[PDB]
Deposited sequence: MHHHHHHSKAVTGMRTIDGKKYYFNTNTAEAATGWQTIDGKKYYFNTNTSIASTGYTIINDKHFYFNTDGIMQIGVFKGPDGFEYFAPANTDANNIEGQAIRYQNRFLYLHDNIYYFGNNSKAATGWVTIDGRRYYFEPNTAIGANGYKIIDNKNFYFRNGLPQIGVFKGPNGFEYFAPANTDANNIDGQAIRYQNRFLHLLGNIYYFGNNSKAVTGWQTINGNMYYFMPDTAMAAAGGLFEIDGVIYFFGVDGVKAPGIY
């Protein structure tokens, strides 16, 4: 008897009375307000304990925002014999759910934005509290994240490959911040890159100083130090990435 009357969910048991209280309907938990019989949605207080329901009234388990920030709405019996879905004390530690990472502070709220934990700087997405992954622009600075940690190196963004550099490489950049790096080679950890006028690493076939190079489309690293098959054709590249004339 689930019907959406005026944008509000009620459940009639087949009774002039719409159900109230905790209801499990088709393996999903709902709470119908005892005054109005409406299915709770969003952050909800029930008997002085805190729960979270999605817009359909389905009780959620995980990390969701209430008026005091992101709380861990935990499986039953995670802390202090909590009932299923109830927000719990969870202090000064990481939380791992599925493939997501959170960090919880002294207030049992998940960190959002930039935070330092054991001398490492992390970024957790303000919208979800989930560890940042992939390319990100924050306060006009470009970063490339993995598991909440800014990565250092050359990675593909929406405008091509950027140099996400160690701190203080250019214009007092922050660790992992993309930097201006124009019309120059970058030699980084046994790999070679060439950066054009827009500070992006070039890819594919290039002629630089009269020498030919091929920069791998997936990494922007020069083919170097051996024979490489490119588009069904074997070429030979010097240790410096310079292509030797001929086919092999």
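Undergrad: Give the ranges of the deposited sequence, numbered from 1, for which the structure holds no C-alpha coordinates, in sequence order.
TA: Absent from the structure are positions 1-12, 27.
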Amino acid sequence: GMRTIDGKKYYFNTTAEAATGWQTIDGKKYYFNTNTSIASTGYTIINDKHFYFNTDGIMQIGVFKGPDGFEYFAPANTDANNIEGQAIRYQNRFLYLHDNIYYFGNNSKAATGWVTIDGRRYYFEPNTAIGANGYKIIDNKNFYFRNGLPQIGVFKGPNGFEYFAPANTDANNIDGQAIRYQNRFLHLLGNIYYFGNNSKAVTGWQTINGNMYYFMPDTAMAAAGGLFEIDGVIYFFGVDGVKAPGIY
From here on, numbers count along this sequence of modelled residues.
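Undergrad: Identify the stretch, either 217-225 or 22-30, whose C-alpha atoms have the larger mean B-factor according to the entry.
TA: The stretch with the larger average C-alpha B-factor is 22-30.
Undergrad: So which stretch wins on mean C-alpha B-factor, 129-137 or 114-122?
TA: According to the PDB entry, the answer is 114-122.
Undergrad: With respect to the C-alpha temperature factors reported in the PDB entry, which of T207, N183, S37, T203 ranks highest?
TA: Within the set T207, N183, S37, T203, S37 shows the top C-alpha B-factor.
Undergrad: Lowest, middle or highest third of the chain for the C-alpha temperature factor of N172?
TA: It belongs to the highest third of the chain when residues are ordered by C-alpha B-factor.
Undergrad: Consider only the C-alpha atoms of the modelled residues in this chain, order them by B-factor as the entry records it, and name the third containing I179: lowest, middle or highest.
TA: Its C-alpha B-factor, which the entry lists for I179, ranks in the lowest third among residues of this chain.
Undergrad: How does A80 rank on Cα B-factor within its chain, lowest, middle or highest third?
TA: Tercile = highest for this residue's CA B-factor.
Undergrad: What third of the chain, by the recorded C-alpha B-factor, contains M59?
TA: Tercile = middle for this residue's CA B-factor.
Undergrad: Could you tell me which third, lowest, middle or highest, the C-alpha B-factor of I192 occupies within its chain?
TA: Lowest third of the chain for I192's C-alpha B-factor.
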